[PDB]
Amino acid sequence: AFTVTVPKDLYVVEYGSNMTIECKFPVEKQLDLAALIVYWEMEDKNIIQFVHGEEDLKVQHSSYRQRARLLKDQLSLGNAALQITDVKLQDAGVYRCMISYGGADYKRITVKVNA
Amino acid sequence: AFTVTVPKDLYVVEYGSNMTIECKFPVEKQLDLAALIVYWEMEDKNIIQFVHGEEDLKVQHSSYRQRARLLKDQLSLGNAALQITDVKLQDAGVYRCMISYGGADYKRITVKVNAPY
Ligand SMILES: N#Cc1cncc(COc2cc(OCc3cccc(-c4ccc5c(c4)OCCO5)c3C(F)F)ccc2CNCCO)c1
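For every chain, the first residue of the written sequence is numbered 1, i.e. counting runs from 1 onward, and this need not coincide with the entry's numbering; residues without coordinates are not included. Whichever chain is written first becomes A and whichever ligand is written first becomes 1, with later ones labelled in order. Hydrogens and water molecules were not included; the side-chain quantities draw on all heavy atoms of the structure. Residues with missing side-chain atoms are left out of burial classes, side-chain pairs and their counts.

This deposited entry lists X-ray crystallography as its structure determination method and 2.700 Å as its resolution.

Take the overall build of chain B next. In terms of regular secondary structure, chain B is built from zero helices and eight strands. Per the convention used, a helix needs a DSSP run of H or I reaching at least four residues, while a strand needs a run of E reaching at least two, with both numbered from the N terminus. Taken from the N to the C terminus, the helices and strands of chain B come in the order β-β-β-β-β-β-β-β. With the C-alpha coordinates of chain B rotated into their principal frame, the extents come out at 45 × 30 × 25 Å. Here, two residues are considered to be in contact whenever any of their heavy atoms come within 4.5 Å of each other. Contacts in chain B between residues at least 24 apart in sequence constitute 56% of all its contacts with a sequence separation of at least 6.

The next point concerns the interface of chain B and chain A. Chain B puts twelve residues into the contact, and the matching count from chain A is twelve residues. Taken together, the two surfaces of chain B and chain A that pack against each other cover about 870 Å², and 48% of this comes from carbon and sulfur. By salt bridge we mean one thing: a side-chain nitrogen of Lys or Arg within 4 Å of a carboxyl oxygen of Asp or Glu. The interface formed by chain B and chain A holds five salt bridges in total. Residue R96 of chain B pairs with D44 of chain A through a salt bridge whose shortest N-O separation is 2.9 Å. Once two parts are brought into contact, the accessible area they lose, counted with a 1.4 Å probe and summed over both, makes up the buried area.

Residues and elements named next belong to chain B. Around the ligand sit 22 residues in total, of which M98, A104, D105, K107 and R108 are the nearest. In protein, a polar contact means a hydrogen-donor-capable atom and an acceptor-capable atom, both N or O and within 3.5 Å, with residues adjacent in sequence counting only if both atoms are side-chain atoms; elsewhere, any N or O pair within 3.5 Å suffices. Within the side chain of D105, a nitrogen or oxygen atom sits 3.0 Å from an oxygen atom of the ligand. In the model, a nitrogen atom of the ligand is placed 3.1 Å from a nitrogen or oxygen of the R108 side chain. Methods summary: accessible areas were calculated by the Shrake-Rupley approach with a probe of 1.4 Å, and residue burial reflects only the protein chains presented. Here the ligand, which alone exposes 850 Å², has 84% of that area covered by the protein. Grid points spaced at 1 Å and placed over the protein atoms alone form the basis of the search, with a cavity being a set where a 1.4 Å probe fits but cannot get out and a pocket an open set showing protein on both sides within 12 Å along at least five of seven lines. Lining residues have an atom within 4 Å of a point. Any molecule with more than half of its atoms within 2 Å of a cavity's or pocket's grid points is regarded as sitting in that cavity or pocket. At a threshold of 2 Å from the grid points, most atoms of the ligand map onto the largest pocket. For each residue, the test is whether any non-hydrogen atom lies within 4 Å of the molecule or strand; if one does, the residue is near.

All names here are of chain A. Put simply, two rings from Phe, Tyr or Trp (the six-membered ring, in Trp's case) pair if the centres are within 6.5 Å, and we call them stacked under 30 degrees between planes, edge-to-face over 60, tilted for the rest. Taken as a whole and assessed by the stated rule, the structure comprises five aromatic pairs over all chains. The interplanar angle of 70° and the centroid separation of 5.8 Å between the aromatic rings of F25 and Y101 together place this pair among those described as edge-to-face. In this pair, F25 sits in the loop between β2 (18–24) and β3 (37–42) while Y101 sits in the loop between β7 (93–100) and β8 (104–114), placing the two residues 76 residues apart along the sequence. Each member of the pair, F25 together with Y101, is buried. Residue burial is assigned from relative accessible area. The probe radius is 1.4 Å, only protein chains are included, and a residue is buried under 20% of its type maximum, exposed over 50%, and partly exposed in between.

This next bit is on the layout of surface pockets. Considered as a void within the structure, the largest pocket measures approximately 1,200 Å³ in volume. Forming the boundary of the largest pocket are 44 residues, of which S100 and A104 of chain A together with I99, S100 and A104 of chain B lie nearest the centre. If you list the elements that add at least two residues to the lining of the largest pocket, you get β3, β4 (45–51), β7 and β8 of chain A together with β3 (37–42), β4 (45–51), β7 (93–100) and β8 (104–114) of chain B. Counting residues per element, the lining of the largest pocket draws most heavily on β8 of chain B, which supplies five residues. Three residue categories are used. Nonpolar comprises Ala, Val, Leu, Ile, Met, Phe, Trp, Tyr, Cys and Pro, charged comprises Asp, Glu, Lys and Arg, and polar comprises the others, including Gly. The residue inventory of the lining of the largest pocket, partitioned by class, reads 26 nonpolar, twelve polar and six charged. For the second largest pocket, the calculated volume is near 240 Å³. Forming the boundary of the second largest pocket are 15 residues, of which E55, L57, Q60, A68 and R69 of chain A lie nearest the centre. At the level of secondary structure, the elements contributing two or more residues to the lining of the second largest pocket comprise β4 and β5 (68–71) of chain A. Element by element, the count of residues in the lining of the second largest pocket is highest for β4 of chain A, at four residues. Here the lining of the second largest pocket is built from residues that sort into six nonpolar, four polar and five charged. Grid points are joined across faces, edges and corners, and a volume is the space filled by probe spheres set on the points.

Below you can see the structure in the form of structure tokens.
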């Protein structure tokens, strides 16, 4: 059965720091981009939309522009790593990570910032 | 590009009636049930989780037990029709439908419940 896995449900982090929220999905041998969809939202704000290898900066929410990046390096290891840099207080909430890979699941991640 | 469609984004529904909120997705004349996933939530509550031509009931939230039905009849027309029956004020809110069908999208639908005296 297809199932998205989350190592850490809560992220405690600082203002101005860099965090990498992670989501594991089952990669068999070699990653078929033609089946892979990854989508991170937070409160219905589009943070990453990767569909079959294709992403568009224009569809990213204003809040998250130029700061927030899916790490492609990690995807062949079965890991949608969302990396935000220069973290702000307005970033903080329930992030949702949705993977499709011949089968679909999501998981929620809470993020608290300090200072 | 794969695109889930919503005929109406608001529904005004009577108390004690039945509502059928609809999400349209593109079918290229094919059933292909093993690639179709449909999921409705509302306020983090799982309402339907349809997969391999079968509604998975253990993951479904029991506040929606015996009252939420996905209309399977409608799916070959490219239409996840969620039918809730015996509509209450708690059923007002933002429903989210997630379709995966070689291509993935979601849409929100608002439901306002009215009870004339
Ligand atoms: N504000 C807002 C808002 C408004 N409109 C659309 C969107 C989201 O735009 C997109 C989202 C995309 O990928 C989402 C995605 C990716 C991977 C898996 C799933 C998925 C599906 C089923 C599931 C599941 C997960 O987990 C288990 C249950 O069954 C999903 C989702 F369907 F749930 C891909 C493309 C678009 C672009 N939009 C096309 C034009 O309209 C957001």
